[PDB]
């Protein structure tokens, strides 16, 4: 199978830097883009940027310009992210993910970064970098109106999202994705291109939409469905996520 193995947790002082690794197995490293995602408590999921290990082209969310630098080493099939000049806002779990024809289906286990006065000296300085971006106009705002939803087990629920512009491409596909992040797990892809069920996801999950409004319908909710559901658009850089809807059981 595809595996992405990320490096160990960091506990570091304000003002330091870290360099974390993501080692790829199970597919051709130079063929697929790798994206990076920041999961900060209270702040959902946030897209950092991507890199093509074949061409070394990279694209960044402008919010991370001067913060994150992406590289890849094809000799060891490893992708890297360096975070410079760390502050308490950088404390989060950082994920790598393989982009398979726009589907972020394969995720690393995450690298925890915690910034604290009691921490260490970090990895040391490095190639602080750059590479973006989208066209430089407005980012697509993804809105999830409900921060949480409570359901009786075995009953069904809708999770809603909307985009500030249409996610319909001229190829006829709608570049809307749903993810679930369970406690202590990496995000899992549920539905890709609005309505396609990801491999190994129960067909209790269904995706639908208009183009600007979307519904993840979860039929007959089970305990394993508990977690935070995120929508995401993969139409144009920078990729953007909704703020997340926490599903809890009313047992």
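Numbering follows the first chain given and starts at 1.
Practice task
Can you let me know which of the two, 48-56 or 26-34, has the higher average C-alpha B-factor in the entry?
Solution key: Higher of the two, by average CA B-factor, is 26-34.
Problem - Stretch exceeding the other in mean C-alpha B-factor - 59-67, 186-194 - result: Comparing 59-67 with 186-194, the higher average CA B-factor belongs to 59-67.
Exercise for the section: Going by the CA temperature factor in the entry, name the top one among 174, 91, 128, 163. Expected result: Highest C-alpha B-factor among the listed options: 128.
Problem - Chain-wide C-alpha B factor ranking for residue 3, given as lowest, middle or highest third - result: Highest third, going by the recorded CA B-factors of the chain.
Handout entry: B-factor third for the C-alpha atom of residue 146 within its chain
Key = Tercile = highest for this residue's CA B-factor.
Exercise for the section: Divide the modelled residues of the chain into thirds by Cα B-factor and specify which third, lowest, middle or highest, holds residue 140. Expected result: Its C-alpha B-factor, which the entry lists for residue 140, ranks in the highest third among residues of this chain.
Handout entry: Third of the chain's Cα B-factor distribution that residue 109 belongs to, per the entry
Key = Ranked within chain, residue 109 CA B lands in the lowest tercile.
Practice task
Relative to the other modelled residues of the same chain, rank the CA B-factor of residue 212 and answer lowest, middle or highest third.
Solution key: It belongs to the middle third of the chain when residues are ordered by C-alpha B-factor.
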